[PDB]
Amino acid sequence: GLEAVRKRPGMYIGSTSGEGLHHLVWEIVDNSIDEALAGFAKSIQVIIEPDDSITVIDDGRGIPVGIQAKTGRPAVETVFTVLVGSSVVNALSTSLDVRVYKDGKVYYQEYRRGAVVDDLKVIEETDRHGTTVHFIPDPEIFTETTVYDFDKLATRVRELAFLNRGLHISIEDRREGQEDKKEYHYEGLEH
């Protein structure tokens, strides 16, 4: 399964250079965009964390957490563990954690180099809804660079806001000595 992704990442993300590093972000962001298209997500935050890890936060419905008859596993686990790019991001990260905010509960699971740490667990109560995915790209895969380009991300985030008119989407850099944030929103009929 995902071991094939770790051994031939070039076949899944096109490059293991800086281009592939940035592709990981879009693979997660695209899923949040799909949930905006479904009509439920209204805002997406992309964050470059101080350690060059990535957090993507949306306010959609939250990935389904119920057990599937075909797998006997929660749907959210399958999203990240079965090879449509979320599992690819998981495989090529040292760690990925998902929090699903749904029906008053926060459901949490984490993976390490693609492998499950523990069963999905309720860790908190919540009044919000959505999905938060955080990942640390694997330097064993991204041997050229693990350092993100804020302008590169910002440029595409702006493009995505335009193509998805009505969406709120932001990009934030939390790295030392260069903290920045840009927020984008193109108006619909209310304009």
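One-based numbering along the sequence shown.
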Between residues given as residue 83 and residue 84, how many of the deposited sequence are not built: none, 1 to 3, 4 to 9, or 10 or more?
-> 10 or more
On mean C-alpha B-factor from the PDB entry, just flag whether 128-136 or 62-70 is the higher one.
-> 62-70
If you average the Cα B factors in the entry, which is higher, 71-79 or 107-115?
-> 71-79
Chain third (lowest, middle, highest) by recorded CA B-factor, residue given as residue 167 | middle
Of the three thirds of the chain ranked by Cα temperature factor, residue 32 occupies the lowest
Would you please rank residue 153 by its C-alpha temperature factor against the other modelled residues of its chain and give the third it falls in: lowest, middle or highest?
-> middle
Chain thirds by Cα B factor, record data; residue 44 belongs to the middle
Among the chain's modelled residues, which third holds the C-alpha B-factor of residue 122?
-> highest
